[PDB]
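Student:
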Amino acid sequence: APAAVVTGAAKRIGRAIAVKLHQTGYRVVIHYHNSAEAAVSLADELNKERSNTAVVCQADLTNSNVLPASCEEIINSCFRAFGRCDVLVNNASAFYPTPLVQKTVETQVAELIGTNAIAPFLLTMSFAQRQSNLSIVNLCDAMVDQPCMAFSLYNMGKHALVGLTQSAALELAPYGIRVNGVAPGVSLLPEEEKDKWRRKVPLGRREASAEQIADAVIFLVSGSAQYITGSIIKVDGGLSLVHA
Amino acid sequence: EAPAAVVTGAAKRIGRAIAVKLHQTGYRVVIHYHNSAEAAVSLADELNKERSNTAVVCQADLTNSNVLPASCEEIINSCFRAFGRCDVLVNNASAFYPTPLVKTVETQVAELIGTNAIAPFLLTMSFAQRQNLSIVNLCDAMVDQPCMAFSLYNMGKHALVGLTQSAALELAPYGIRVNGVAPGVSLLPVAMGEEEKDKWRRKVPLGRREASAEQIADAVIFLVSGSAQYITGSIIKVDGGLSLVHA
Amino acid sequence: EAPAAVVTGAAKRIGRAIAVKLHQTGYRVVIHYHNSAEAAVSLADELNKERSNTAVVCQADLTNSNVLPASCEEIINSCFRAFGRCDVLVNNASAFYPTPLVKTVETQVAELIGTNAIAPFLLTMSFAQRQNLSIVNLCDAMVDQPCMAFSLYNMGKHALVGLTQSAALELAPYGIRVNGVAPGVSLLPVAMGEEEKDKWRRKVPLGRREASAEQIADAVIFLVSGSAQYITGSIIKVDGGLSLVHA
Amino acid sequence: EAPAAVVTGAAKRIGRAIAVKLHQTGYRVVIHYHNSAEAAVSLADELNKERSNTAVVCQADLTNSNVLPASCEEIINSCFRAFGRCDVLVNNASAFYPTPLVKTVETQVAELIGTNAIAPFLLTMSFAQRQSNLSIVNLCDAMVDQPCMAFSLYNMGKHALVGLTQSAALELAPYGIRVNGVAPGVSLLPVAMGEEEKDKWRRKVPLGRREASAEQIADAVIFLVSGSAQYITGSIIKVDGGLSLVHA
Ligand SMILES: NC(=O)c1ccc[n+]([C@@H]2O[C@H](COP(=O)([O-])OP(=O)(O)OC[C@H]3O[C@@H](n4cnc5c(N)ncnc54)[C@H](OP(=O)(O)O)[C@@H]3O)[C@@H](O)[C@H]2O)c1
Ligand SMILES: NC(=O)c1ccc[n+]([C@@H]2O[C@H](COP(=O)([O-])OP(=O)(O)OC[C@H]3O[C@@H](n4cnc5c(N)ncnc54)[C@H](OP(=O)(O)O)[C@@H]3O)[C@@H](O)[C@H]2O)c1
Ligand SMILES: NC(=O)c1ccc[n+]([C@@H]2O[C@H](COP(=O)([O-])OP(=O)(O)OC[C@H]3O[C@@H](n4cnc5c(N)ncnc54)[C@H](OP(=O)(O)O)[C@@H]3O)[C@@H](O)[C@H]2O)c1
Ligand SMILES: NC(=O)c1ccc[n+]([C@@H]2O[C@H](COP(=O)([O-])OP(=O)(O)OC[C@H]3O[C@@H](n4cnc5c(N)ncnc54)[C@H](OP(=O)(O)O)[C@@H]3O)[C@@H](O)[C@H]2O)c1
Ligand SMILES: COC(=O)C1CCN(C(=O)c2ccc(N(CCCO)Cc3cnc4nc(N)nc(N)c4n3)cc2)CC1
Ligand SMILES: COC(=O)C1CCN(C(=O)c2ccc(N(CCCO)Cc3cnc4nc(N)nc(N)c4n3)cc2)CC1
Ligand SMILES: COC(=O)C1CCN(C(=O)c2ccc(N(CCCO)Cc3cnc4nc(N)nc(N)c4n3)cc2)CC1
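Quick note, the sequences are listed as chains C, D, B and A, same order.
According to the authors' numbering, the residues represented by the first sequence are 3 to 104, 114 to 142, 152 to 210, 215 to 268, in order.
According to the authors' numbering, the residues represented by the second sequence are 2 to 103, 114 to 142, 153 to 268, in order.
According to the authors' numbering, the residues represented by the third sequence are 2 to 103, 114 to 142, 153 to 268, in order.
According to the authors' numbering, the residues represented by the fourth sequence are 2 to 103, 114 to 142, 152 to 268, in order.
Take a look at the structure:
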């Protein structure tokens with residue numbers, strides 16, 4: 003059975019991705035930072051379905067002097083548990099505003124650029140170095165070119181992740197590793217404010233769900249996507265096409 | 002009952018593979034063709050051997066003219082006549098040849124812009140008016166790094182990106198999704214010399230080979246599926262990384 | 002010897018401002034027009050009062066048809082007959098109106124795709140065949166966030182992006198640069214209610230106002246200048262940030 | 002009163018051409034540099050010979066670190082100290098070298124992402140906070165979506181710079197600060213690159229089969245800071261001779 007690493011897998015979109023990969027027959031590494039109880043509860047659910055098919059792995063993905071070692075350990079945890087690592091899903095992400103005009116700003120850089128871009132880069136390095153249907157899926161943002169007001173560092177990090185997706189697709193193609201993205205628009209919100221976000225969506229008659237994001241990940245890691253690399257699939261209900 | 006799909010230019014090559022995979026997924030299919038009558042009828046015969054009364058052919062020229070709206074309405078009508086419904090439209094048919102800046116030029120406009128853009132637009136209109154509904158447009162992953170001396174073809178494929186996005190927005194309230202699949206190098210021309218085919222294959226980072234028709238069809242199957250119900254206005258490159266390679 | 006420029010749709014609004022600024026920069030100008038004869042002639046008379054024998058008018062319909070290639074050849078020929086050279090082509094003329102998916116539709120195709128894409132292509136062909154040479158195409162900064170029910174217009178503007186890029190590549194060996202200027206909200210219709218105009222103006226981050234025609238013309242002047250001699254295939258948005266604003 | 006500009010990495014090459022053309026347009030200039038002190042001082046001397054007290058140098062490392070915010074604040078402060086105003090910021094300084102996926116990697120992150128993205132962000136913050153024709157120009161890369169093999173961190177940094185350009189254009193528009201980019205394709209090749217390798221790059225360019233001069237890049241910066249660009253914000257102008265349009 004193939005094996006996958008999902009970062010930020012305890013809750014929300016990462017959890018849905020881990021569940022759908024497991025349902026597809028993958029063994030999974032459930033990475034978490036703060037959500038140990040939720041990570042272990044997910045692993046317990048998946049292991050009840052198929053014994054010894056889910057493990058957890060703790061790591062802070064903030065940039066620091068130790069982040070490279072932390073990322074090498076996440077990949078190593080998959081090889082140790084399952085003897086292989088076929089899929090990496092870079093899902094974990096910090097998200098909060100960083101206004102240009104008025114945590115230290117350098118802590119915000121470490122968290123926003125680290126989680127959304129540098130950790131994906133280091134995980135990609137470790138995944139490739141440790142190596152079939154191998155692939156990486158990066159969780160992008162469908163609104164990357166129509167950014168949220170006062171979200172500069174977040175937007176910079178998601179732009180950097182587009183660059184990584186494309187750069188790594190090119191560089192890792194000779195190794196047979198595909199590198200793609202899934203770009204949610206409005207997916208799971210953290215009622216009046218939620219409804220303001222919902223109302224913009226052309227396909228809004230249909231509820232946005234973590235499972236719809238996971239469905240695009242399942243396609244990209246499947247044999248039905250064996251010629252697809254460097255592609256970012258928007259899963260946004262049309263939101264990115266709506267003008268101001 | 003079984004859903005129904007129209008595939009334009011479905012007698013051969015990528016359109017044929019799309020029609021076959023939709024049929025294997027449980028669709029009834031209208032095999033549109035222009036000149037390839039024998040191949041269209043042979044495909045319909047093969048699919049009907051698998052499941053009786055699940056495939057028909059429909060002939061039409063998709064060159065632009067004052068009758069193209071009637072032709073496109075008739076293709077959609079042929080799906081309703083055969084199957085009583087029309088759930089999926091795949092705009093695959095396409096003229097492709099150079100038009101250097103330095114057949115009459117108006118015939119070249121009619122063929123290249125008609126097949127790649129205006130016929131998709133009119134088919135989209137007729138599909139929407141006659142109503153998991155979706156449209157898939159066959160785009161081009163190289164639309165922003167165009168082939169030398171292919172201006173009109175490239176204009177047509179750019180127009181098709183615009184249609185995909187415009188129609189996704191406008192047809193969302195009707196529950197019709199509109200997406201694209203953008204091949205890079207897929208099936209090369211039968212007439213192309215082996216050395217020239219190999220020059221194209223060597224461009225592709227992922228495996229130094231062209232996409233099979235079936236690999237292109239796999240992306241179409243995903244976009245029409247229940248696994249894509251929140252996806253509209255998206256164009257999936259199926260290009261092996263070709264579009265990311267610099268000069 | 003003074004250089005010469007053709008500006009399509011130059012009688013009014015943005016095209017007029019482009020023709021005026023080119024004239025102020027030292028160009029002789031062909032003022033193309035379709036229906037606005039009085040305004041075209043008034044502009045020519047103003048420019049010739051400033052400098053004798055520096056402006057002519059040229060009437061043509063730029064709707065697609067069997068005669069459009071000849072019409073476009075004649076517009077370019079009018080510049081050579083008046084001024085002995087043609088250094089700059091500005092493709093500004095444009096039909097703009099909704100075409101809902103749910114005039115005949117083929118007339119709408121001919122007008123919207125003809126003015127926005129096919130006439131630019133044929134004018135580009137004629138300009139290149141007759142040869153700091155450059156072409157500037159008037160694009161649309163909102164081409165990837167289109168207006169509801171404007172599919173044919175949006176298809177035409179997407180095709181014009183493709184032409185800009187294709188022609189930049191193909192004409193580079195001849196030293197002809199091909200670029201675009203993409204307004205967001207510029208001049209609104211006089212008859213549009215101020216309440217509706219203000220809805221458009223409030224969308225614009227930079228000053229909550231539309232671009233003047235002169236601000237659009239400033240980008241054209243840059244692109245045809247010596248300060249842009251390495252720039253080809255580029256589309257400059259002149260949109261006050263509009264295209265960056267989410268729904 | 003003459004306006005004033007900061008140009009990062011301005012001792013040599015494209016940054017020097019930008020500083021020179023801004024100075025010729027009537028700006029007073031801060032020539033920021035990191036290691037190229039002799040070149041920076043030679044340039045400042047030449048500009049001050051043309052017009053007294055119109056050029057100063059400012060040294061700073063733009064690698065990311067916990068002091069980078071203070072360094073970036075000090076570069077903007079140096080323009081106010083010399084000239085009493087700061088009208089234009091040009092983010093030109095840039096580290097560029099390969100980082101294969103298969114110096115410590117954290118140093119490479121700090122240099123490549125710091126110079127190309129984080130320093131521009133912090134300089135943008137300081138420029139806005141310290142505040152008419154105000155604008156910022158970021159030196160981008162026309163090949164950002166067709167990246168060089170094994171340049172992932174550099175490419176990530178330049179993609180982040182596109183995001184900053186767009187984000188800052190939106191957020192600073194209410195303050196009348198425009199934020200735009202210039203995206204070279206092939207411009208000045210490295211001093212150390214062999215001629216045969218330079219010619220491989222030159223032969224890629226449709227328009228003239230040659231690299232952009234430093235002055236051609238500077239011309240696009242001068243347009244974007246001028247009154248002829250007063251409605252332009254969030255735009256990235258490719259100055260690439262068609263390079264980005266060429267398929268594999
Ligand atoms: N939700 C949306 O509408 C939306 C829209 C656009 C894009 N996306 C993208 O889709 C992906 C998933 O979105 P989501 O809303 O499910 O994400 P989320 O809930 O905001 O974050 C997912 C997980 O990221 C992990 N994470 C955060 N900071 C971390 C750090 N410093 N170190 C390690 N892990 C850290 C957290 O793990 P722990 O809980 O274990 O600490 C968290 O549960 C993200 O990449 C997001 O940017 C989502
Ligand atoms: N092959 C590639 O490498 C590649 C690369 C990029 C994009 N694509 C796109 O993928 C799609 C399929 O490619 P393909 O290579 O399989 O296409 P193709 O063989 O060139 O053409 C497909 C069919 O289009 C039909 N067609 C042509 N002109 C027509 C007209 N005037 N009226 C009606 N139908 C007409 C023909 O039908 P009849 O045979 O019945 O006359 C033909 O069999 C096209 O949209 C193409 O642009 C392909
Ligand atoms: N205004 C904006 O906010 C805006 C926004 C985005 C893009 N743009 C683009 O900028 C350019 C100028 O905009 P504008 O608002 O000044 O344009 P406009 O007033 O709508 O049209 C310019 C001229 O196009 C000519 N034209 C229309 N149909 C024609 C046909 N069938 N044959 C020949 N010429 C025809 C007309 O000439 P006659 O009057 O002589 O008949 C008209 O005066 C256009 O390309 C437009 O798409 C403008
Ligand atoms: N040349 C091209 O073909 C090309 C192509 C695409 C994009 N661009 C972009 O255009 C801009 C100018 O290119 P260029 O070739 O002239 O650049 P460059 O010579 O490679 O670098 C410009 C300056 O950046 C400074 N710099 C490097 N690391 C630094 C650090 N840690 N801290 C502070 N400053 C640092 C250096 O200053 P010191 O010398 O004082 O140490 C250097 O002189 C860059 O943003 C580049 O990415 C250039
Ligand atoms: C008689 O020959 C002709 O009229 C010309 C046909 C095109 N041509 C070429 O050299 C050529 C052929 C196939 C090429 N392919 C690589 C991908 C290009 O997009 C394969 C490919 C195959 N068939 C195709 N059919 C569509 N409708 N559209 C595509 N894009 C297409 N492409 C590229 C260039 C000159 C000869
Ligand atoms: C024929 O029926 C009509 O009069 C319709 C015209 C369009 N219309 C609008 O509501 C409308 C008009 C102008 C609008 N502008 C804002 C920018 C939109 O791109 C101004 C603007 C102005 N004239 C324009 N002319 C070109 N050729 N192209 C542009 N894009 C154009 N645009 C927007 C919507 C419905 C009425
Ligand atoms: C000497 O060892 C190194 O540091 C490496 C430098 C990069 N390198 C290359 O092969 C190389 C060098 C210059 C190249 N240029 C063509 C445009 C690439 O974008 C010229 C160009 C010039 N200097 C540059 N400086 C910035 N800061 N950024 C740009 N992009 C840059 N580019 C391309 C590839 C390997 C050796």
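Ideal Cβ placement from N, Cα and C applies to all residues, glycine included.
When burial is assigned at 16 or more other CB atoms within 10 Å of the CB, is C:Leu208 buried or exposed?
Tutor: So C:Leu208 counts as exposed.
Student: Have a look at B:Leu159 and D:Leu159 and give me their C-alpha separation to the nearest angstrom.
Tutor: About 27 Å.
Student: So which residues on chain C does A:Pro167 lean against when the C-beta distance must stay under 8 Å?
Tutor: The contacting residues are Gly183, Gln186, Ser187 and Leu190.
Student: Is A:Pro167 near ligand 7, judged by its Cβ being under 6 Å from some heavy atom?
Tutor: No, since every heavy atom of ligand 7 falls outside the 6 Å radius drawn around the Cβ of A:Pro167.
Student: Going by CA-CA distance only, name the one from C:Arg52, C:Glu235, C:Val8 and C:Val21 that's closest to D:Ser248.
Tutor: Comparing Cα positions, the closest option is C:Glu235.
Student: In this structure, how does DSSP classify A:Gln142 when only helix, strand and coil are distinguished?
Tutor: It is coil, neither helix nor strand.
Student: What ranges does the alpha helix (DSSP H) occupy inside the segment 53-92 of chain A, keeping only unbroken runs of at least 4 residues that lie completely in it?
Tutor: The segment 53-92 of chain A contains these whole alpha helix (DSSP H) runs: 69-84.
Student: Assuming D:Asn153 and D:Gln250 form a contact by the criterion Cβ under 8 Å, report the distance between their Cβ atoms to the nearest whole angstrom.
Tutor: Their Cβ separation, rounded to whole angstroms, is 7 Å, which keeps D:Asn153 and D:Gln250 in contact under 8 Å.
Student: Would the beta-carbon of B:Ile76 fall within 7 Å of that of B:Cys87?
Tutor: No, the Cβ-Cβ distance between B:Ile76 and B:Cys87 is not below 7 Å.
Student: Expressed to the nearest angstrom, what Euclidean distance is found between the alpha-carbon atoms of B:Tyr28 and B:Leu181?
Tutor: Taking the straight line from one Cα to the other gives about 25 Å.
Student: Does any residue of chain C bring its CB to less than 7 Å from the CB of B:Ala268?
Tutor: Yes - at least one Cβ of chain C is within 7 Å of the one on B:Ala268.
Student: Report yes or no: do three or more beta-carbon pairs, one from the segment 79-98 of chain C and one from the segment 29-40 of chain C, lie closer than 8 Å?
Tutor: Yes, the segment 79-98 of chain C touches the segment 29-40 of chain C.
Student: Check whether the Cβ of D:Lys220 lies closer than 7 Å to any Cβ atom in chain A.
Tutor: Judged by the 7 Å Cβ criterion, D:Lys220 is not in contact with chain A.
Student: Which same chain residues, not among the five before or five after C:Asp165, have their C-beta less than 6 Å away from its C-beta?
Tutor: Excluding positions up to five away in sequence, the list is empty.
Student: According to DSSP, is A:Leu154 part of a helix, a strand, or is it coil?
Tutor: Strand, per DSSP.
Student: In the DSSP assignment, the beta strand (DSSP E) including C:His33 goes from what residue to what residue?
Tutor: Its beta strand (DSSP E) spans residues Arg29 to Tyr34.
Student: Taking 6 Å as the limit, name every residue whose beta carbon sits nearer than that to some heavy atom of ligand 4, in sequence order.
Tutor: Matched residues: A:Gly10, A:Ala12, A:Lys13, A:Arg14, A:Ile15, A:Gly16, A:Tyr34, A:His35, A:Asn36, A:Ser37, A:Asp62, A:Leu63, A:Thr64, A:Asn93, A:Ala94, A:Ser95, A:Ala96, A:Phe97, A:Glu122, A:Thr126, A:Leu159, A:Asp161, A:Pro204, A:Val206, A:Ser207 and A:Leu208.
Student: On the DSSP bridge list, what partners appear for A:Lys258?
Tutor: DSSP lists A:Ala203 as partners of A:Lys258.
Student: Cβ of A:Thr253 less than 7 Å from any chain B Cβ?
Tutor: Yes, A:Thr253 lies at the interface with chain B (some Cβ there is under 7 Å from its Cβ).
Student: Contact between the segment 166-180 of chain A and the segment 217-233 of chain A is defined here as three or more beta-carbon pairs at a separation below 8 Å; is this criterion met?
Tutor: No: fewer than three Cβ pairs fall under 8 Å.
Student: Report the residue from A:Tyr98, A:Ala45, A:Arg229 and A:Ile257 whose alpha carbon sits nearest the alpha carbon of A:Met213.
Tutor: Checking every option, the nearest Cα to that of A:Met213 belongs to A:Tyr98.
Student: Please list the partners that A:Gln236 has in chain B, where partner means a Cβ-to-Cβ separation under 9 Å.
Tutor: Per Cβ cutoff of 9 Å: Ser248, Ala249, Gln250, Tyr251 and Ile252.
Student: Are any of the Cβ atoms in chain D nearer than 7 Å to that of B:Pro194?
Tutor: So no, B:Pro194 is outside the interface.
Student: Which value, in whole angstroms, describes the spacing of the CA atoms of B:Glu74 and B:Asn65?
Tutor: Using only the alpha carbons, I get a separation of about 14 Å.
Student: Along chain B, in chain order, which residues have C-beta atoms closer than 7 Å to that of C:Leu263?
Tutor: Within 7 Å Cβ-Cβ: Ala268.
Student: Cα-Cα, which of C:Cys59, C:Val206, C:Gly125 and C:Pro210 is closest to C:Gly177?
Tutor: Comparing Cα positions, the closest option is C:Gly125.
Student: Would you report the Cα separation of C:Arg82 and D:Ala162, rounded to the nearest angstrom?
Tutor: The straight-line gap from Cα to Cα measures roughly 39 Å.
Student: Should the segment 6-15 of chain B be regarded as contacting the segment 10-22 of chain D, the criterion being three or more beta carbon pairs within less than 8 Å?
Tutor: No contact exists between the segment 6-15 of chain B and the segment 10-22 of chain D.
Student: If I'm right that B:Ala188 touches B:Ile156 with Cβ under 8 Å, what's the distance once you round it to whole angstroms?
Tutor: That belief holds up - the Cβ atoms of B:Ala188 and B:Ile156 are roughly 7 Å apart, short of 8 Å.
Student: Are any of the Cβ atoms in chain C nearer than 7 Å to that of A:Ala180?
Tutor: Interface residue, yes.
Student: From what residue to what residue does the beta strand (DSSP E) around A:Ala6 run?
Tutor: Taken as a continuous stretch (DSSP letters only), the beta strand (DSSP E) holding A:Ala6 covers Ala5 to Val8.
Student: Per the DSSP calculation, A:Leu159 is bridged to which residue(s)?
Tutor: Beta-bridge pairing links A:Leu159 to A:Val202.
Student: I need the DSSP call for C:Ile197, collapsed to helix, strand or coil.
Tutor: DSSP places C:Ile197 in strand when its eight states are reduced to three.
Student: Skipping 5 residues on each side, what residues in its chain have a beta carbon closer than 6 Å to that of A:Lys22?
Tutor: Excluding positions up to five away in sequence, the list reads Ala238 and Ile242.
Student: Output the boundary residues of the alpha helix (DSSP H) element that contains B:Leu209.
Tutor: Careful: B:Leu209 lies outside any alpha helix (DSSP H) and carries neither H nor E.
Student: Starting from the C-beta of residue 144 of chain D, find all residues in its chain whose C-beta is less than 6 Å away, skip the five residues before and the five after it, and write them out in chain order.
Tutor: The gap in chain D between 142 and 153 takes in residue 144 of chain D, so it carries no coordinates here.
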